[PDB]
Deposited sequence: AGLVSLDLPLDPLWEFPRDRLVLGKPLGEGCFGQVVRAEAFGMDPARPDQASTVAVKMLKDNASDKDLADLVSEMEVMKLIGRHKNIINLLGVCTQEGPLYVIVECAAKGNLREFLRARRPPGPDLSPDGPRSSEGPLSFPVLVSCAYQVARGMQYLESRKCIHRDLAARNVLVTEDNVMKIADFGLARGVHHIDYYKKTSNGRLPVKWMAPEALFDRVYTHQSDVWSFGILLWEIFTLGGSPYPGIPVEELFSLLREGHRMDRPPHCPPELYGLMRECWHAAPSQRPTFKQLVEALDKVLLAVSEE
């Protein structure tokens, strides 16, 4: 069984499950409608997402879902992360209610909003910087809460109906080798500074509108190329100020990379200037 948390327990009868959003190995995320999620308007319907176990799940999977739920409570609320909204622990399967991100992941959001490409030739430049800045803010918050993400990439950044960026799967208990810092790749060392390296890759994904990192380069060849000091080229139409930030994230020495605080500060300076360009 699971203890009743007066701060988070939501009534099971006020939650209506909908179509699945995605299925993992033993877990899944589904659409849902919640009634009275905001206590100020207790009859209002709101669209949410529900993390739950699949039928093939074991007690190890249940402990992993419980762990993510508890980590989400400990970390607390931020505008730029997928927030916990409530829980259904009593008289039925465990439901972890979280914020809905109607527009899906950032990579597909950007790919669907691309201008005519090189085989032929919507999102303004300030909106793109705002996306980067929002993700930097969310990461700054997670870091302040002792949370190392380990898998920061555009596929793990979700977009709401209101176009707010929300980092997902921060509470979790082929490998994404192209986003990994070299000390993480080679020495299995994951710090806040290795998340800064991934943020640099994410910045490149933003300014290529969902481009695949290291275009052409075989995965096997990546490691040797990084060891030689090679890094990705400046995306087309990307300003040198933003490419400069990417290159700082990609410094070999973790201590030579910027902090999330400096990234938030540098991205806010660009955003405020570019908003009147």
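Asks: I have the full deposited sequence and the modelled structure. Can you tell me which residue ranges, counted from 1, have no C-alpha coordinates?
Replies: Model skips 1-6, 128-136, 189-203 of the deposited chain.
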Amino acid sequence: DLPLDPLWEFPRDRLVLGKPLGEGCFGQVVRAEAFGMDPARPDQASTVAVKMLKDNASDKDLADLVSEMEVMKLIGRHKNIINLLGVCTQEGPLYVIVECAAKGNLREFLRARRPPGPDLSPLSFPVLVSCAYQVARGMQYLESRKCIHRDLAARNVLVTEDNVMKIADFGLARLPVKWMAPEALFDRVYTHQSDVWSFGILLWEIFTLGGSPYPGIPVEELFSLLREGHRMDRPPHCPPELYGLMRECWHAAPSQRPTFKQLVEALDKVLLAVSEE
From here on, numbers count along this sequence of modelled residues.
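If you superpose the two forms and keep the largest set of C-alpha atoms that fall within 1.5 Å, you have the rigid core.
Asks: On a core superposition, give the stretch, 159-167 or 130-138, with the larger average C-alpha separation from this form in 6 other deposited structures of this protein (RMS over structures and residues).
Replies: Looking at 130-138 and 159-167 in 6 other deposited structures of this protein, the bigger mover is 159-167.
Asks: Name the stretch that deviates more in 6 other deposited structures of this protein: 108-116, or 192-200? Use RMS CA distance to the shown form, core superposed.
Replies: The stretch that sits farther from the shown form in 6 other deposited structures of this protein is 108-116.
Asks: Of the other PDB entries compared that resolve residues on either side of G92, does at least a third omit it?
Replies: No, modelled in all of them.
Asks: Taking the other compared PDB entries with both flanking residues modelled, is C25 unmodelled in at least a third?
Replies: yes, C25 frequently unmodelled elsewhere, at least a third of entries.
Asks: Going by the average Cα B-factor in the PDB entry, point out whether 107-115 or 200-208 comes out higher.
Replies: According to the PDB entry, the answer is 107-115.
Asks: Between 34-42 and 245-253, point out the one with the higher average CA B-factor as the PDB entry records it.
Replies: Averaging CA B-factors over each stretch, the winner is 34-42.
Asks: From the list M69, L226, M232, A63, select the residue with the highest C-alpha B factor recorded in the entry.
Replies: Out of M69, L226, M232, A63, the record gives the largest C-alpha B-factor to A63.
Asks: Lowest, middle or highest third: which one holds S144 when the chain's residues are ordered by CA B-factor from the entry?
Replies: For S144, whose C-alpha B-factor we compare with every modelled residue in the chain, the answer is the middle third.
Asks: C-alpha B factor of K73, ranked within the chain: lowest, middle or highest third?
Replies: As the PDB entry reports it, the C-alpha B-factor of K73 lands in the middle third of its chain.
Asks: State the tercile, meaning the lowest, middle or highest third, of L4 with respect to the CA B-factors recorded for its chain.
Replies: Highest third, going by the recorded CA B-factors of the chain.
Asks: Considering only modelled residues of the same chain, in which third does the CA B-factor of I82 rank: lowest, middle or highest?
Replies: As the PDB entry reports it, the C-alpha B-factor of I82 lands in the lowest third of its chain.
Asks: Report the third (lowest, middle or highest) to which the CA temperature factor of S194 belongs, ranking only the modelled residues of the same chain.
Replies: Lowest third - that is where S194 ends up once the chain's C-alpha B-factors are sorted.
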